[PDB]
Amino acid sequence: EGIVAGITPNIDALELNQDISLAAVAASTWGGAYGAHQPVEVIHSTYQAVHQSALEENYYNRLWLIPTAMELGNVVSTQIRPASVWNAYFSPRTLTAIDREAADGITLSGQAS
């Protein structure tokens, strides 16, 4: 009937500030499409296979990294900048840790571990 379309290399590696889009469904196969009823429709079901996809699954289901390169330039006073991350997973993505290297003097206030 229908099993898989693919599109695993494209979307996962595409120009997406997210990744692993529509990945959980791959293992979650299930399937009960076969079968037709007669609500006096006409009943014309042919082939019923898989093909292509939205092709625009962009920016779905993981963290974000808005800042890519910071131009601090000359630092002479206490500066404050925002850092944000957006998780689109239906389940949280817990950060393992923040290994601070040469980052002494940089602190985050109002946030837990």
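Q: Which residues make up the environment of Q79, and what are the values?
A: Topologically, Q79 is positioned in the segment after α2 (24–27). Taking the relative accessible area as the measure of exposure, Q79 reaches 42% and is therefore partly exposed. As for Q79 and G2, which are separated by 77 residues in sequence, their C-alpha atoms are 56 Å apart.

Q: Talk me through the side chain of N61; I want residue IDs and the actual numbers.
A: With respect to the helices, strands and loops of the structure, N61 is situated in the segment after α2. In terms of polar contacts, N61 uses its side chain to reach the backbone carbonyl oxygen of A88, at 3.0 Å. Not counting the four nearest positions on each side in its chain, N61 is found in contact with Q18, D19, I20, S21, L22, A88, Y89 and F90.

About the criteria used
In this document, residue positions are counted from 1 along each chain in sequence order, independent of how the entry numbers them, and residues without coordinates are left out. Values throughout apply to the part shown, which belongs to a larger assembly of chains. With hydrogens and water stripped out, all remaining heavy atoms of the structure feed into the side-chain values. Each helix is a run of H or I in the DSSP string that is no shorter than four residues. Each strand is a run of E no shorter than two, and both are numbered from the N terminus. Throughout, exposure labels follow a simple rule: accessible area from a 1.4 Å probe, protein chains only, divided by the maximum for the residue type, with under 20% read as buried, over 50% as exposed, and the rest as partly exposed. In protein, a polar contact requires one atom able to donate a hydrogen and another able to accept it; more generally it is a pair of N or O atoms within 3.5 Å, and residues adjacent in sequence count only if both atoms are side-chain atoms. Contact between two residues is taken to exist if any of their heavy atoms lie within 4.5 Å; hydrogens are not considered.

Keep in mind these numbers describe shape, not what the thing actually does.
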